[PDB]
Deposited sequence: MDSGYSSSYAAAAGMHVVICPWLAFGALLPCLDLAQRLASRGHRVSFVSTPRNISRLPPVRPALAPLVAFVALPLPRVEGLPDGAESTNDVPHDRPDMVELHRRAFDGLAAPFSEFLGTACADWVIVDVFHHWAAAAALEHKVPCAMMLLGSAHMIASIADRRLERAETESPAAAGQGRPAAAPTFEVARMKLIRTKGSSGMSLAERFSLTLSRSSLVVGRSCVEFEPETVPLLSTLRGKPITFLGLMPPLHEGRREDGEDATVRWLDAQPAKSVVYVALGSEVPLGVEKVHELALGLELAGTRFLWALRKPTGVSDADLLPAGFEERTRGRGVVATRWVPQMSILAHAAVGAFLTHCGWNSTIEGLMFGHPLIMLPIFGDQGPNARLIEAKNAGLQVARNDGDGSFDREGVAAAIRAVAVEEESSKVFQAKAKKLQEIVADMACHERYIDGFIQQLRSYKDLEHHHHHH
(Lines of atoms letter the chains of each structure in order from A and count residues from 1; the text may use other names and numbers.)
(Lines give C-alpha, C1' and ligand atoms only; values in the text may rest on other atoms or scores of the structure.)
Protein backbone atom coordinates (compact mmCIF):
# COMPACT_ATOMS: atom_id res chain seq x y z
CA UNK A 1 0.00 0.00 0.00
CA UNK A 2 0.96 3.70 -0.48
CA UNK A 3 0.10 5.06 3.04
CA UNK A 4 0.13 8.90 3.49
CA UNK A 5 0.93 9.86 7.17
CA UNK A 6 0.39 13.55 8.19
CA UNK A 7 1.35 13.94 11.90
CA UNK A 8 0.56 16.99 14.13
CA UNK A 9 3.38 19.63 14.19
CA UNK A 10 4.79 18.23 17.50
CA UNK A 11 7.82 15.94 18.14
CA UNK A 12 5.48 13.86 20.39
CA UNK A 13 3.63 13.07 17.11
CA UNK A 14 6.45 13.37 14.44
CA UNK A 15 8.78 10.84 16.24
CA UNK A 16 6.42 7.83 16.75
CA UNK A 17 4.84 8.50 13.26
CA UNK A 18 8.36 8.22 11.66
CA UNK A 19 8.87 4.92 13.60
CA UNK A 20 5.45 3.78 12.22
CA UNK A 21 6.42 4.99 8.67
CA UNK A 22 9.60 2.81 8.91
CA UNK A 23 7.80 -0.26 10.38
CA UNK A 24 5.40 -0.05 7.35
CA UNK A 25 8.34 0.38 4.89
CA UNK A 26 9.97 -2.75 6.52
CA UNK A 27 6.85 -4.73 5.34
CA UNK A 28 7.51 -3.19 1.86
CA UNK A 29 4.72 -0.54 1.98
CA UNK A 30 5.42 2.96 0.51
CA UNK A 31 4.91 5.89 2.97
CA UNK A 32 4.52 9.60 2.09
CA UNK A 33 5.46 11.42 5.37
CA UNK A 34 3.80 14.90 5.06
CA UNK A 35 4.97 17.80 7.31
CA UNK A 36 6.81 21.19 7.12
CA UNK A 37 10.47 21.52 5.94
CA UNK A 38 12.23 22.44 9.27
CA UNK A 39 10.34 19.77 11.35
CA UNK A 40 11.48 17.12 8.75
CA UNK A 41 15.16 18.37 8.81
CA UNK A 42 15.06 17.94 12.66
CA UNK A 43 13.95 14.23 12.54
CA UNK A 44 16.12 11.10 12.91
CA UNK A 45 17.58 10.08 9.52
CA UNK A 46 15.61 7.14 7.98
CA UNK A 47 17.30 3.67 7.95
CA UNK A 48 19.23 3.82 4.60
CA UNK A 49 17.72 0.45 3.37
CA UNK A 50 14.17 2.00 3.74
CA UNK A 51 15.09 5.47 2.29
CA UNK A 52 13.07 5.17 -1.00
CA UNK A 53 9.99 3.67 0.81
CA UNK A 54 9.63 6.73 3.19
CA UNK A 55 9.10 9.72 0.82
CA UNK A 56 9.18 13.09 2.70
CA UNK A 57 6.66 15.70 1.40
CA UNK A 58 7.73 19.20 2.65
CA UNK A 59 4.69 21.56 2.59
CA UNK A 60 5.99 25.03 3.61
CA UNK A 61 3.92 26.78 6.35
CA UNK A 62 2.33 29.96 4.90
CA UNK A 63 4.19 32.96 6.44
CA UNK A 64 1.58 34.37 8.94
CA UNK A 65 2.82 37.81 10.26
CA UNK A 66 3.68 37.36 14.00
CA UNK A 67 4.74 33.66 13.67
CA UNK A 68 8.56 33.89 13.15
CA UNK A 69 10.39 31.87 10.41
CA UNK A 70 11.26 28.33 11.68
CA UNK A 71 8.44 28.31 14.33
CA UNK A 72 7.00 25.11 12.74
CA UNK A 73 6.37 22.93 15.90
CA UNK A 74 4.92 23.04 19.47
CA UNK A 75 8.64 22.81 20.54
CA UNK A 76 9.20 26.23 18.80
CA UNK A 77 5.80 27.92 19.53
CA UNK A 78 5.53 28.31 23.35
CA UNK A 79 2.21 27.52 25.19
CA UNK A 80 2.84 30.50 27.59
CA UNK A 81 2.15 32.69 24.45
CA UNK A 82 -1.47 31.84 23.47
CA UNK A 83 -1.39 34.55 20.69
CA UNK A 84 1.47 32.70 18.82
CA UNK A 85 -0.14 29.23 19.44
CA UNK A 86 -3.24 30.43 17.43
CA UNK A 87 -0.95 31.87 14.63
CA UNK A 88 0.73 28.38 14.46
CA UNK A 89 -2.78 26.71 14.26
CA UNK A 90 -3.86 29.11 11.42
CA UNK A 91 -0.56 28.52 9.46
CA UNK A 92 -1.11 24.70 9.91
CA UNK A 93 -4.69 25.21 8.52
CA UNK A 94 -3.02 27.02 5.53
CA UNK A 95 -1.51 23.61 4.46
CA UNK A 96 -5.07 22.53 3.33
CA UNK A 97 -4.83 23.48 -0.42
CA UNK A 98 -1.23 22.17 -0.92
CA UNK A 99 -2.15 18.93 1.00
CA UNK A 100 -5.31 18.52 -1.19
CA UNK A 101 -3.24 19.21 -4.39
CA UNK A 102 -0.69 16.55 -3.20
CA UNK A 103 -3.23 13.79 -2.25
CA UNK A 104 -4.87 14.16 -5.73
CA UNK A 105 -1.77 12.79 -7.59
CA UNK A 106 -0.55 10.53 -4.69
CA UNK A 107 -2.10 7.11 -5.66
CA UNK A 108 -2.82 6.69 -1.89
CA UNK A 109 -4.52 3.54 -0.42
CA UNK A 110 -4.84 5.17 3.08
CA UNK A 111 -4.31 8.60 4.70
CA UNK A 112 -3.39 8.42 8.45
CA UNK A 113 -3.90 11.92 10.06
CA UNK A 114 -4.01 13.49 13.57
CA UNK A 115 -7.14 14.97 15.27
CA UNK A 116 -6.19 18.59 14.22
CA UNK A 117 -6.22 17.66 10.45
CA UNK A 118 -9.98 18.18 9.70
CA UNK A 119 -8.87 19.62 6.28
CA UNK A 120 -6.77 16.46 5.49
CA UNK A 121 -9.79 14.17 6.32
CA UNK A 122 -11.83 16.43 3.93
CA UNK A 123 -9.22 15.90 1.11
CA UNK A 124 -9.40 12.09 1.79
CA UNK A 125 -13.20 12.26 1.15
CA UNK A 126 -12.70 14.52 -1.96
CA UNK A 127 -10.18 11.98 -3.47
CA UNK A 128 -12.04 8.86 -2.13
CA UNK A 129 -9.07 7.67 0.06
CA UNK A 130 -10.00 5.97 3.38
CA UNK A 131 -8.78 8.19 6.30
CA UNK A 132 -7.59 6.74 9.68
CA UNK A 133 -7.52 9.23 12.61
CA UNK A 134 -4.51 8.75 14.95
CA UNK A 135 -5.23 8.73 18.70
CA UNK A 136 -1.83 7.10 19.52
CA UNK A 137 -2.51 7.26 23.30
CA UNK A 138 -3.55 4.70 25.99
CA UNK A 139 -6.86 2.76 25.66
CA UNK A 140 -7.76 4.52 28.99
CA UNK A 141 -7.19 7.95 27.29
CA UNK A 142 -9.65 6.96 24.45
CA UNK A 143 -12.23 5.60 27.00
CA UNK A 144 -11.85 9.03 28.76
CA UNK A 145 -12.61 10.96 25.48
CA UNK A 146 -15.62 8.64 24.72
CA UNK A 147 -17.19 9.28 28.22
CA UNK A 148 -12.67 26.77 15.53
CA UNK A 149 -12.02 25.03 18.93
CA UNK A 150 -9.92 21.80 19.31
CA UNK A 151 -13.12 19.83 20.30
CA UNK A 152 -14.86 21.00 17.04
CA UNK A 153 -11.62 20.04 15.16
CA UNK A 154 -11.62 16.56 16.87
CA UNK A 155 -15.39 16.02 16.18
CA UNK A 156 -14.91 17.14 12.52
CA UNK A 157 -11.81 14.91 11.82
CA UNK A 158 -13.52 11.92 13.61
CA UNK A 159 -16.82 12.28 11.60
CA UNK A 160 -14.84 12.24 8.27
CA UNK A 161 -12.69 9.22 9.40
CA UNK A 162 -13.19 5.47 8.58
CA UNK A 163 -10.93 4.18 11.43
CA UNK A 164 -9.39 5.37 14.79
CA UNK A 165 -5.81 4.20 15.73
CA UNK A 166 -4.69 3.69 19.38
CA UNK A 167 -1.21 2.93 20.78
CA UNK A 168 -1.79 0.16 23.41
CA UNK A 169 -2.80 -3.55 23.66
CA UNK A 170 -4.91 -6.04 25.73
CA UNK A 171 -1.59 -7.23 27.33
CA UNK A 172 -1.05 -3.71 28.84
CA UNK A 173 -4.75 -2.73 29.42
CA UNK A 174 -6.84 -5.96 29.67
CA UNK A 175 -9.50 -3.96 31.64
CA UNK A 176 -10.16 -1.35 28.83
CA UNK A 177 -9.12 -2.69 25.34
CA UNK A 178 -11.55 -5.69 25.05
CA UNK A 179 -14.74 -3.54 25.51
CA UNK A 180 -13.35 -0.53 23.47
CA UNK A 181 -14.12 -1.37 19.77
CA UNK A 182 -15.73 1.97 18.61
CA UNK A 183 -15.37 5.77 19.22
CA UNK A 184 -18.70 7.58 18.44
CA UNK A 185 -19.44 4.78 15.89
CA UNK A 186 -15.96 4.72 14.22
CA UNK A 187 -14.10 1.40 14.80
CA UNK A 188 -10.89 1.59 16.98
CA UNK A 189 -7.80 -0.55 16.12
CA UNK A 190 -4.80 -0.70 18.56
CA UNK A 191 -1.40 -1.05 16.75
CA UNK A 192 0.31 -2.12 20.04
CA UNK A 193 2.59 0.04 22.26
CA UNK A 194 5.08 0.58 19.35
CA UNK A 195 8.03 1.09 21.73
CA UNK A 196 10.85 2.96 19.87
CA UNK A 197 13.65 0.96 18.17
CA UNK A 198 16.67 2.58 20.01
CA UNK A 199 18.95 2.61 16.89
CA UNK A 200 15.94 4.21 15.06
CA UNK A 201 16.18 7.61 16.87
CA UNK A 202 19.92 7.96 15.91
CA UNK A 203 20.90 9.89 19.12
CA UNK A 204 24.46 10.99 20.17
CA UNK A 205 25.65 8.44 22.82
CA UNK A 206 28.76 10.69 23.38
CA UNK A 207 26.41 13.53 24.56
CA UNK A 208 27.77 15.23 27.75
CA UNK A 209 24.62 14.09 29.68
CA UNK A 210 25.36 10.35 28.93
CA UNK A 211 29.11 10.68 29.84
CA UNK A 212 27.96 12.30 33.15
CA UNK A 213 25.70 9.21 33.80
CA UNK A 214 28.70 6.82 33.27
CA UNK A 215 30.34 8.30 36.45
CA UNK A 216 27.20 7.73 38.65
CA UNK A 217 26.32 4.46 40.49
CA UNK A 218 23.67 2.00 39.10
CA UNK A 219 19.93 2.94 39.46
CA UNK A 220 21.02 6.15 41.37
CA UNK A 221 19.93 9.03 39.01
CA UNK A 222 16.37 10.49 38.81
CA UNK A 223 15.97 11.54 35.11
CA UNK A 224 13.68 14.65 34.97
CA UNK A 225 12.00 15.55 31.62
CA UNK A 226 8.57 17.03 30.69
CA UNK A 227 8.80 16.09 26.95
CA UNK A 228 8.94 18.69 24.16
CA UNK A 229 6.22 21.38 24.68
CA UNK A 230 4.22 21.43 28.02
CA UNK A 231 4.54 24.90 29.65
CA UNK A 232 6.18 25.28 33.12
CA UNK A 233 6.47 28.87 34.49
CA UNK A 234 9.62 30.20 36.26
CA UNK A 235 7.75 29.93 39.66
CA UNK A 236 6.91 26.20 38.95
CA UNK A 237 10.51 25.48 37.68
CA UNK A 238 11.77 26.85 41.08
CA UNK A 239 9.37 24.55 43.07
CA UNK A 240 10.53 21.53 40.93
CA UNK A 241 14.23 22.56 41.38
CA UNK A 242 13.96 22.98 45.21
CA UNK A 243 11.94 19.70 45.35
CA UNK A 244 14.81 17.84 43.56
CA UNK A 245 17.32 19.36 46.07
CA UNK A 246 15.14 18.55 49.17
CA UNK A 247 14.79 14.81 48.14
CA UNK A 248 18.64 14.68 48.01
CA UNK A 249 18.97 12.31 44.97
CA UNK A 250 21.38 12.48 42.02
CA UNK A 251 19.35 13.99 39.10
CA UNK A 252 19.67 14.67 35.33
CA UNK A 253 17.12 17.40 34.38
CA UNK A 254 16.15 18.04 30.70
CA UNK A 255 14.51 21.48 31.26
CA UNK A 256 12.83 23.70 28.60
CA UNK A 257 13.15 27.44 29.51
CA UNK A 258 9.85 29.36 29.97
CA UNK A 259 9.59 32.33 27.50
CA UNK A 260 11.18 35.69 28.55
CA UNK A 261 13.24 34.12 31.43
CA UNK A 262 17.04 34.86 31.53
CA UNK A 263 19.44 31.94 32.36
CA UNK A 264 20.04 33.97 35.60
CA UNK A 265 16.32 33.91 36.72
CA UNK A 266 15.50 30.37 35.41
CA UNK A 267 16.58 28.36 38.53
CA UNK A 268 16.64 29.29 42.27
CA UNK A 269 19.68 31.39 43.41
CA UNK A 270 22.67 29.04 44.00
CA UNK A 271 20.67 25.90 42.97
CA UNK A 272 23.33 24.67 40.45
CA UNK A 273 26.19 25.75 42.83
CA UNK A 274 24.63 23.74 45.77
CA UNK A 275 23.93 20.61 43.56
CA UNK A 276 27.10 20.81 41.30
CA UNK A 277 28.34 17.20 41.88
CA UNK A 278 24.92 15.54 42.54
CA UNK A 279 22.73 16.98 39.70
CA UNK A 280 23.00 18.24 36.06
CA UNK A 281 20.51 20.66 34.33
CA UNK A 282 20.40 20.62 30.46
CA UNK A 283 18.37 23.44 28.74
CA UNK A 284 18.69 21.71 25.31
CA UNK A 285 17.37 18.61 23.45
CA UNK A 286 18.87 15.52 25.24
CA UNK A 287 19.09 11.92 23.93
CA UNK A 288 16.17 10.67 26.13
CA UNK A 289 16.36 7.05 24.79
CA UNK A 290 20.12 6.82 25.64
CA UNK A 291 19.54 8.33 29.15
CA UNK A 292 16.63 5.92 29.99
CA UNK A 293 18.70 2.96 28.60
CA UNK A 294 21.60 3.91 31.00
CA UNK A 295 22.12 1.65 34.10
CA UNK A 296 22.70 4.84 36.23
CA UNK A 297 19.01 5.98 35.88
CA UNK A 298 16.61 4.58 38.55
CA UNK A 299 13.31 6.57 38.64
CA UNK A 300 11.93 8.98 35.96
CA UNK A 301 10.10 12.22 36.90
CA UNK A 302 7.86 12.51 33.77
CA UNK A 303 4.98 14.77 32.55
CA UNK A 304 3.41 11.40 31.45
CA UNK A 305 3.37 12.13 27.71
CA UNK A 306 2.54 8.70 26.22
CA UNK A 307 5.95 8.47 24.36
CA UNK A 308 7.83 9.26 27.64
CA UNK A 309 5.57 6.83 29.65
CA UNK A 310 6.36 3.98 27.13
CA UNK A 311 10.12 4.88 26.87
CA UNK A 312 10.38 5.01 30.73
CA UNK A 313 8.65 1.61 31.23
CA UNK A 314 10.43 -0.29 28.36
CA UNK A 315 13.67 0.19 30.43
CA UNK A 316 11.86 -0.82 33.70
CA UNK A 317 11.92 2.69 35.35
CA UNK A 318 9.30 3.53 38.03
CA UNK A 319 7.68 6.94 37.36
CA UNK A 320 7.28 10.19 39.38
CA UNK A 321 4.35 11.75 37.52
CA UNK A 322 3.68 15.51 37.04
CA UNK A 323 1.01 15.72 34.31
CA UNK A 324 0.42 19.30 32.95
CA UNK A 325 -2.39 18.96 30.30
CA UNK A 326 -4.29 16.67 27.86
CA UNK A 327 -3.60 12.87 27.82
CA UNK A 328 -1.01 13.27 30.66
CA UNK A 329 -3.56 13.17 33.55
CA UNK A 330 -5.25 9.90 32.41
CA UNK A 331 -1.80 8.39 31.55
CA UNK A 332 -0.62 9.23 35.14
CA UNK A 333 -3.78 7.56 36.65
CA UNK A 334 -3.25 4.36 34.55
CA UNK A 335 0.41 3.89 35.72
CA UNK A 336 -0.60 4.84 39.34
CA UNK A 337 -3.38 2.19 38.98
CA UNK A 338 -0.61 -0.35 38.02
CA UNK A 339 1.55 0.61 41.09
CA UNK A 340 4.61 1.39 38.85
CA UNK A 341 4.42 5.16 39.66
CA UNK A 342 3.22 7.90 42.07
CA UNK A 343 1.70 11.32 41.16
CA UNK A 344 3.07 14.54 42.75
CA UNK A 345 0.31 15.89 45.11
CA UNK A 346 -1.60 18.77 43.40
CA UNK A 347 -3.61 21.60 45.09
CA UNK A 348 -7.27 21.02 44.01
CA UNK A 349 -8.86 23.87 41.96
CA UNK A 350 -5.64 25.30 40.40
CA UNK A 351 -3.62 22.03 39.82
CA UNK A 352 -0.50 23.73 41.34
CA UNK A 353 2.31 21.89 43.23
CA UNK A 354 5.14 22.83 45.67
CA UNK A 355 8.70 21.58 46.49
CA UNK A 356 7.30 19.48 49.44
CA UNK A 357 4.89 17.42 47.24
CA UNK A 358 7.70 17.03 44.61
CA UNK A 359 10.14 15.88 47.38
CA UNK A 360 7.67 13.38 49.00
CA UNK A 361 6.94 11.80 45.55
CA UNK A 362 10.74 11.39 44.81
CA UNK A 363 11.41 9.96 48.35
CA UNK A 364 8.52 7.42 48.07
CA UNK A 365 9.54 6.21 44.53
CA UNK A 366 13.39 6.57 44.66
CA UNK A 367 14.67 6.88 48.33
CA UNK A 368 12.59 5.03 51.03
CA UNK A 369 13.78 1.35 50.90
CA UNK A 370 10.34 -0.39 51.10
CA UNK A 371 8.18 1.91 48.84
CA UNK A 372 10.98 2.28 46.19
CA UNK A 373 11.57 -1.54 45.87
CA UNK A 374 7.76 -2.04 45.33
CA UNK A 375 7.72 0.65 42.51
CA UNK A 376 10.91 -0.86 40.90
CA UNK A 377 9.56 -4.48 41.03
CA UNK A 378 6.25 -3.26 39.42
CA UNK A 379 8.02 -1.13 36.71
CA UNK A 380 10.04 -4.33 35.87
CA UNK A 381 6.77 -6.37 35.60
CA UNK A 382 5.40 -3.74 33.10
CA UNK A 383 8.82 -3.80 31.26
CA UNK A 384 8.10 -7.53 30.44
CA UNK A 385 5.08 -6.29 28.34
CA UNK A 386 6.34 -2.85 27.08
CA UNK A 387 9.78 -4.21 25.89
CA UNK A 388 8.37 -7.45 24.29
CA UNK A 389 9.39 -6.05 20.83
CA UNK A 390 8.14 -9.21 18.96
CA UNK A 391 4.59 -8.73 20.46
CA UNK A 392 4.47 -5.04 19.32
CA UNK A 393 5.70 -5.98 15.76
CA UNK A 394 2.84 -8.58 15.53
CA UNK A 395 0.46 -5.64 16.40
CA UNK A 396 1.99 -3.58 13.49
CA UNK A 397 1.39 -6.68 11.24
CA UNK A 398 -2.22 -6.77 12.61
CA UNK A 399 -2.71 -3.01 11.91
CA UNK A 400 -1.57 -3.48 8.22
CA UNK A 401 -4.07 -6.40 7.76
CA UNK A 402 -6.82 -4.06 9.16
CA UNK A 403 -5.83 -1.45 6.48
CA UNK A 404 -6.13 -4.10 3.65
CA UNK A 405 -9.82 -4.65 4.77
Ranges missing from the model, given as deposited sequence positions: 1-14, 162-201, 460-470
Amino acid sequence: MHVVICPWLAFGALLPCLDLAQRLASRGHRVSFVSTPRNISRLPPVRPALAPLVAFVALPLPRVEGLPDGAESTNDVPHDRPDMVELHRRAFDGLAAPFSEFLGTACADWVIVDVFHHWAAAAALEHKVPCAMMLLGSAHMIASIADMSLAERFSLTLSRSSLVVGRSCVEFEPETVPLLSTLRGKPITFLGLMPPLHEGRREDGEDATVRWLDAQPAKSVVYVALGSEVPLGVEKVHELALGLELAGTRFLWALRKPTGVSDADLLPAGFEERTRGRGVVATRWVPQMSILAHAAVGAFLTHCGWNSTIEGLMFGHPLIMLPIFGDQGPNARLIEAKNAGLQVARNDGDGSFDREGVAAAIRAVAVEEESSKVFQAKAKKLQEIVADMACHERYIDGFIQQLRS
From here on, numbers count along this sequence of modelled residues.
Looking at the deposited entry, does 103-111 or 300-308 carry the larger mean Cα B-factor? 103-111
Once you work out the mean C-alpha B-factor for both 202-210 and 129-137 from the entry, which is higher? 202-210
Please work out which residue in 220, 168, 331, 259 has the highest C-alpha B-factor recorded for this crystal structure. 259
Say you rank 193, 319, 286, 264 by Cα B-factor from the PDB entry; which sits at the top? 264
Pull the Cα B-factor of residue 339 out of the PDB entry and bin it into the chain's lowest, middle or highest third. highest
What third of the chain does residue 61 rank in for C-alpha temperature factor, lowest, middle or highest? highest
Quick one: classify residue 39 as lowest, middle or highest third of the chain based on its Cα B-factor. middle
Please place residue 93 in the lowest, middle or highest third of its chain by C-alpha B factor as given in the entry. middle
In terms of its chain's C-alpha B-factors, the third that includes residue 117 is the middle
